[PDB]
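Listed here are the chains, written in short residue letters.
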Amino acid sequence: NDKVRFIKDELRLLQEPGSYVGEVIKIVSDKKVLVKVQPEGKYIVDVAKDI
Amino acid sequence: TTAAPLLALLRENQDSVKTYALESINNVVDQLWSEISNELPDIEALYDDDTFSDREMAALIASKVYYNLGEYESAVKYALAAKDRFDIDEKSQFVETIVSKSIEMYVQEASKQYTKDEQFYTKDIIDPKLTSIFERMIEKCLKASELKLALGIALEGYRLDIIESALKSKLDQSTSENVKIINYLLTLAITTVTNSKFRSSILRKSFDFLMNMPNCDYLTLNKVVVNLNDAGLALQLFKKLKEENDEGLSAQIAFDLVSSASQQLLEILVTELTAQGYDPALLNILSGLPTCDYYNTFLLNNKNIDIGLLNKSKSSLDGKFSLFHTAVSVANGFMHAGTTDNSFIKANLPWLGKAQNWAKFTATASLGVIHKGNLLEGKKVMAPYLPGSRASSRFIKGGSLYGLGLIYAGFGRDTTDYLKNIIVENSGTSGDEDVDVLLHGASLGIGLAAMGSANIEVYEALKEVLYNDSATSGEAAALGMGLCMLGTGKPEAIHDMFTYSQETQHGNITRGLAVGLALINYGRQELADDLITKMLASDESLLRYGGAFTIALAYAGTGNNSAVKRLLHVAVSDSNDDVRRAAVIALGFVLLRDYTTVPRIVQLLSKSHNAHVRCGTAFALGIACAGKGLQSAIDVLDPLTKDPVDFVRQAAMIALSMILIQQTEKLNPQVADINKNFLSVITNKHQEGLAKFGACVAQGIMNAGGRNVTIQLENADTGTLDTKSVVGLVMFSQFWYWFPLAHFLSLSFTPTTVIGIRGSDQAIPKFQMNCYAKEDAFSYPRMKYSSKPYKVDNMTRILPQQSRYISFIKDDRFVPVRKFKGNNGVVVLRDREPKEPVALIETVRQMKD
Amino acid sequence: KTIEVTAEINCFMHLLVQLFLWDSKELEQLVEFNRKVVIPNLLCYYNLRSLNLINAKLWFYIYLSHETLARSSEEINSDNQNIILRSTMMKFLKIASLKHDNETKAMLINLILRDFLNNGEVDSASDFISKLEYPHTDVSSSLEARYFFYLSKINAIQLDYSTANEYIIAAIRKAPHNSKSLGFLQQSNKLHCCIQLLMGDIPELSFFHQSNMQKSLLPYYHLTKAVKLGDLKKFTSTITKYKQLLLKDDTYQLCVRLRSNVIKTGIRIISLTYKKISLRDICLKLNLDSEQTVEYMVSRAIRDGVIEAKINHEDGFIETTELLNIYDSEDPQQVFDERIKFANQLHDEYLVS
Amino acid sequence: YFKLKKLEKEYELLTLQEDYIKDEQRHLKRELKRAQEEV
């Protein structure tokens, strides 16, 4: 039963459009963060509710 | 040392020398059997000779050696056939063991030989020499004066004459001990035999012995007529009470007969009571006017609904679709059931504006559960919402006719004729969506109302609502045909519906007609096997979903291995996910009486890769294990509460609450963490619609009717099977599949009540019976036996389980005759000193009766 | 009273353990009381049961010494005592019915085969052996080994070597006890060398060399050498010298079986490789053994199947095969088939395990 | 003896269930290959 599940988890996990590596320029206290993304532009983005 | 001197004389010539050889061998056969085994053909040739007269001795010697080989069956023939070499009257290792085998042989055979012919024991079919050894075993047993052994061997071996003779002979009419033996066979004969044909014969013949009367148990006298539905047993039952008329005896029986019996029998019995000459007393008991008054009484005095909690729930968010409104409407109705309390609706009429069409239909109808119990003001409340008087909304208007049917079900008699006309009326035309929802409510309501009683006029009407093919109305109609024709159906309904399911196309219709077809098959078993085959043979998902239930219902009560096996096969191998869920749910109902087996079955199946399986199993375990404990069971549902998928979380929460109603509140330490968790979800708004849906209705079940009334199946307050209950949960399993199906949970809320009782006619005494008891009216949700005084012992919350430790004292005007009944849903101590000191506080039933 | 029943039982076991020469003074005098002790409130209770609280082994130890017939002293027509034991053991045998009885039941069969091996007749063995199968999963590693040892002994008189080789080789791979490494080990080795002789394939006693007394070994080598070199003359004189030995062990049966084997082994070493082997050589070898039955013995030799040859004595040559197989059909496939079966049984145990 | 019947019942439920384990196990084998192939 576990084995069936393991293979399945890989099949889901490997389907992704990829996430961009970026650098926090500075922290904002409205729970936004400023990130200068390596290949993209610069964006101010909404930090995770749980982060 | 050697058997060789002896064996030498066995082959020597002259008959005399061979007679001596047999007797020489005889003495030491056992020790030397190995050597003597080779000489068996020679010994066997003496046996076959019918000129040589020590044939019997040669046989005896053969038997001993075959036994030592492993051929027990062969030696058993050979000892009989010798015609004196079977003697049980000596005590030996040889004798004991081959007797053990002989009974086994007759019993195995006896299964087969009964099925061909039910007179076999009466006859030469199983040969006299075998039948004698078996008959002697019976005598052996009886001498030891422990009856359970004698009756056991004969039950397995299909001999009716022996079951009768055993009960008859030993009667001292101690007297109690014979009666106990009678009651043990009765429970047994239904729960262990699956054959109809045997079981009826025992049940009518044992009725006669109890019917003679010096010590007889009324509950048991009542049970056996209910199950078999025979008019003749009822005629005699009633004829006895005329002769031996006491208010005490006459109430006890009628009070049993109003719970356990079904409507169509109930009617057929009354018809006979009138034609025999009647007592006006019984006819009032059978009304069920008393039971509904008791319930009201209980709820009024014992309240603790906790509307601060419901208020707490609603107000946390209004998000998460119109589903969120459907839940808190449903939790309102459960909390306030029969207490009469409208709190949600009074506050939020904006809330109604939020709510969708289908949520507005649940909200009207939730009032149907609230005013259930009053059969006078139940209609009355619904009056401003009827047609000929209109409504605020057409969506309300539909829910009105569904709420009325809730209230009056099984006594809908008048209202049914009324509701039938709206139905026949809007089949001619009414494709407007407002009129469809009207036609919908009438169809739902009337199937609840005529449930349990054949009306071909009901079947006929509804079939034409189906021929319009409304996705809305067809669902209603379809259930309504199943609900009415409950029983054994007809050959007609089966073929006509089944063909018609392939012919017409809709999804809602397919789901409705499948459940429709299952319902007519109750208590059928092998006669239902034909429609089971056809449905599983359809490759439609809808029909296979319905197919499980058909087995569930047909075999409802009686545990059958074949039936459960058929559900396990469909459940594993089909691709369609929906069918797996329906089918695990279906296991529980067969297995209701073997509830110890359910924690082992669903230990595997809560660990599955398909979520449908997990949801269905929370419900499966819950249904089967509802009427009793099962702590191990509660341990399974634990993971499922927090299971990653939202609909598995939902279902575990709901499931958990149906078992532990007043076993909650720190009886089990964990149950506080579960109750807390129910709160946490609602308060959270990062929890999804189905998860919070699940927390909200589970809150309503626990806290149902002010924490006093309970979720049963395989009841402990009435003690017998209920049609309302099995059917009720089956509607319950669907609630997102079609939204206003919840309300059938109404049909199986049972009072836990502990009240004074009178054998005589009611006036409401209320007094404590002070026997030692645990804490479980002190452990309920929040805002042993030793024979000592106890803090509260009348009314309160209590527990069905705890009520049995508090037993009616002989130290007032109230007299035991049962050492407490064992049930606690209708009370009853027998009052032998009417209109005397021992309390007096009239109820509301004594203000009009 | 619960305590009373239990207390009797623990006491009965305790008396059985003590009496292996501590606080004791005559095993035979005491036997009566040991039989007495055994049967009420112990042997009686167990009727559908078996345990290692009941043990034939304790009673075996006791009974075995009496069967040297030095307490009987051969003054009597038959032992009473053995008959009594046998009667009582056979009485258990009834009670067992292969439902849960494989435990203690198997010891009783070891005992029964032993009495046949001392002086009975070993044709009765066949049934017990068969009866006695039923899945075995409760017998101890030493018990398995002793049973096999006794079983092997049975097989050998019945002239079934291969079956006996498998069992004796399987025996010595059970028993981590250092108490069955002692004289019992020696007895076991004796039997494995005898089986090796009978097949006549016989390898050197190398392995045996650091696990037996050098005193045991030299005579043991002497027998093997007699077969190997393939002399009748050498063989007879080895039997003559180590007479006391072959008698003592009671493997005097060898002298009958081996003689026909020894003479055949002696032809075999003389090559049979080419399409004809001249008749004069093979006649010469045989002439030493016996020169009145040179045709009769060579014909018999062929018949046996040990070796196989064709003769014309109207050509006066003996014609032979290589004695080397082929691989081109089912017979190597049959070895493949046995191996896979063995693996699967083993696989089933590893999974179970 | 009323006890023996009861005990035989409990065991029987158990039996049906021991076969039941096997039947889910067979099924899982099929689904394991298909999943591994898919990846």
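Cut-off values and rules
- Residues numbered from 1 in each chain as written, not as in the entry; some residues may be left out.
- Chains lettered and ligands numbered in written order.
- Part of a larger assembly, values for the part shown.
- Heavy atoms only, no water.
- UniProt positions renumbered as here; feature names shortened; annotations may be inferred.
- Helix = DSSP H or I, 4+ residues; strand = E, 2+ residues; numbered from the N terminus.
- Rg over C-alpha atoms; globule rule 2.2 N^0.38 Å.
- Buried < 20%, exposed > 50% of the residue type's maximum accessible area, 1.4 Å probe, protein only.
- Contact = heavy atoms within 4.5 Å.
- Core = buried A, V, L, I, M, F, W, Y, C linked by side-chain atoms within 4.5 Å.
- Axes fitted to C-alpha atoms, helices over the stretch in contact; angles between N-to-C directions.
- Parallel < 35°, antiparallel > 145°, perpendicular 65-115°, else oblique.
- Left-handed = near helix turned anticlockwise from the far one by under 90°.
- Nonpolar A, V, L, I, M, F, W, Y, C, P; charged D, E, K, R; others polar.
- Buried area = accessible area lost by both parts, 1.4 Å probe.
- Salt bridge = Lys/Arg side-chain N within 4 Å of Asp/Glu carboxyl O.
- Polar contact = N/O pair within 3.5 Å; in protein donor to acceptor, adjacent residues only side chain to side chain.
- Arc of directions from axis to C-beta.
- Pairing = 2+ DSSP bridges.

You'll find chain B entered in the PDB entry as 26S PROTEASOME REGULATORY SUBUNIT RPN2, with Saccharomyces cerevisiae given as the organism. Per UniProt, chain B carries the Subunit text "Interacts with UBR1."

Chain A has the name 26S PROTEASE REGULATORY SUBUNIT 8 HOMOLOG in the PDB entry, where Saccharomyces cerevisiae is given as its organism.

Peer 1: I'd like a rundown of the overall build of chain A, residues and numbers included.
Peer 2: Assigned secondary structure in chain A consists of one helix and three strands. If you list the helices and strands of chain A from N to C, you get α-β-β-β. Computed over the C-alpha atoms, the radius of gyration of chain A is 17 Å, more than 25% above the 10 Å expected from 2.2 N^0.38 for a compact globule of 51 residues. The C-alpha extent of chain A, read off along each of the three principal axes, is 45 × 25 × 10 Å. Residues classed as buried in chain A amount to 10% of the 51 residues present.

Peer 1: How would you sum up the arrangement of the chains? Please name residues and give values.
Peer 2: No other pair among the four pairs of chains in contact exceeds the contact count of chains B and D. A minimum C-alpha distance of 17 Å separates chain A and chain C, which share no contact. Separated throughout, chain C and chain D approach each other most closely at a C-alpha pair spaced 15 Å apart.

Peer 1: Go over the nonpolar core with me, naming the residues and quoting the values.
Peer 2: All names here are of chain B. Within the largest apolar cluster, 120 residues are counted, with the highest numbers of intra-cluster contacts made by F589 and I701. For this core, the element with the highest residue contribution is helix 39 (residues 646-659), accounting for ten residues. Aside from chain neighbours lying at most four places away, what touches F589 is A552, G557, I623, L713, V726, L729 and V730.

Peer 1: Describe the packing of helix 1 (residues 2-13) of chain A against helix 1 (residues 2-38) of chain D, with residues and values.
Peer 2: When two helices pack together, their arrangement is captured by the angle between the axes and the distance separating the axes. Between helix 1 of chain A and helix 1 of chain D, whose axes approach to 9 Å, the crossing angle comes to 20 degrees. Overall, the two elements helix 1 of chain A and helix 1 of chain D adopt an arrangement that is roughly parallel. The way helix 1 of chain A lies across helix 1 of chain D gives a crossing that is left-handed. Residues A:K3, A:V4, A:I7 and A:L11 of helix 1 of chain A pack against D:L28, D:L32, D:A35, D:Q36 and D:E38 of helix 1 of chain D. In terms of residue class, the contact of helix 1 of chain A with helix 1 of chain D is made up of six nonpolar, one polar and two charged.

Peer 1: Summarise the environment of B:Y385; cite the residues concerned and give the values.
Peer 2: All names here are of chain B. Within the secondary structure, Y385 sits in the loop between helix 24 (377-381) and helix 25 (394-408). Take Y385: its relative accessible area is 30%, and that puts it in the partly exposed class. In the structure, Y385 is positioned 194 residues away from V579 in sequence and 39 Å away in space, judged by C-alpha atoms. What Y385 contacts, discounting residues up to four positions off in sequence, is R390, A391, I396, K397 and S400.

Peer 1: Break down the interface of chain D and chain B for me, citing the residues and quoting the values.
Peer 2: Listed by partner, the interface residues are 15 residues for chain D and 21 residues for chain B. Between chain D and chain B lies a buried interface of about 2000 Å² when both sides are counted; carbon and sulfur atoms form 69% of it. Where chain D meets chain B, there are two salt bridges. At the surface where chain D touches chain B, the tally comes to three residue pairs in polar contact. In the side of chain D that touches chain B, the residues fall into seven nonpolar, two polar and six charged.

Peer 1: Help me get a handle on the side chain of B:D293, residues and values and all.
Peer 2: Residue and element names in this part refer to chain B. With respect to the helices and strands, the residue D293 is situated in helix 18 (residues 289-302). For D293, a relative accessible area of 5% translates into the label buried. Excluding residues within four positions of it along the chain, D293 makes contact with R845 and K848.

Peer 1: Go over the pattern of salt bridges, please, and point to the residues and values.
Peer 2: Applying the stated rule across the entire model yields 49 salt bridges over all chains. With its nearest N and O atoms 3.8 Å apart, the salt bridge here joins B:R649 to B:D646. You can see B:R649 and its partner B:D646 sitting in helix 39, three residues apart, about one turn around the helix. One salt bridge connects D:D23 with D:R26, and the closest N-O pair in it is separated by 3.8 Å. Of this pair, D:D23 and D:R26 both sit in helix 1, three residues apart, which is roughly one turn of that helix.

Peer 1: Which residues make up helix 6 (residues 72-82) of chain B, and what are the values?
Peer 2: An α-helical turn contains 3.6 residues, so any two residues separated by three or four positions project in the same direction. Residue and element names in this part refer to chain B. Among all positions of helix 6, only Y72, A75, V76, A79, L80 and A82 are buried. An end-on view of helix 6 places all buried positions within 165 degrees of arc, on one side of the element. Among the residues trailing helix 6, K83 stands out with phi positive, at a value near 80 degrees.

Peer 1: Got a sec to walk through the sheet that holds strand 2 (residues 309-312) of chain C? Specific residues and values, please.
Peer 2: All names here are of chain C. The three strands lie next to each other as 1-3-2, forming an open sheet whose pairing is antiparallel. Edge positions in the open sheet fall to strand 1 (276-278) and strand 2, since each of these has one partner strand only. Going from strand to strand, the sheet's axes swing by 30 degrees on average, the running direction of each strand aside. Across four bridges, strand 2 lies against strand 3 (residues 317-320) in antiparallel orientation. What sits directly across from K310, in strand 3, is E319. Set on the sheet, helix 14 (residues 279-289) makes contact with strand 1 and strand 3; between it and strand 1 the angle comes to about 55 degrees.

Peer 1: Report on the environment of B:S37, specifying residues and quantitative values.
Peer 2: Tracing the sequence through the fold places B:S37 in the loop between helix 3 (33-36) and helix 4 (40-48). When neighbours within four sequence positions are excluded, B:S37 is seen to be in contact with B:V65, B:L69 and C:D127.

Peer 1: Can you explain the pairing of strand 2 (residues 32-37) of chain A? Please cite residues and give values.
Peer 2: Residues and elements named next belong to chain A. Here strand 2 shows a buried face lined by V33, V35 and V37 and an unburied face lined by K32, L34 and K36. The sheet contact formed by strand 1 (residues 22-27) and strand 2 spans five bridges and is antiparallel. Bridge pairing links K26 to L34 in strand 2. Between strand 1 and the antiparallel strand that follows it, strand 2, lie four residues; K31 among them carries a positive phi value of about 80 degrees. Note that strand 2 and strand 3 (residues 42-46) share five bridges and pair antiparallel. Pairing of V33 across the sheet is with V45, part of strand 3.

Peer 1: An account of the interface of chain D and chain A is needed here, citing residue identities and associated values.
Peer 2: Every contact between the two is made by six residues of chain D and, on the other side, six residues of chain A. Three residues, D:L28, D:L32 and D:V39, lead the burial of chain D against chain A; their summed loss comes to 64% of the area buried on that side. The tally of links from chain D across to chain A stands at zero salt bridges. The interface formed by chain D and chain A holds zero residue pairs in polar contact in total. When the residues that make up the side of chain D that touches chain A are grouped by side-chain class, the tally is four nonpolar, one polar and one charged.

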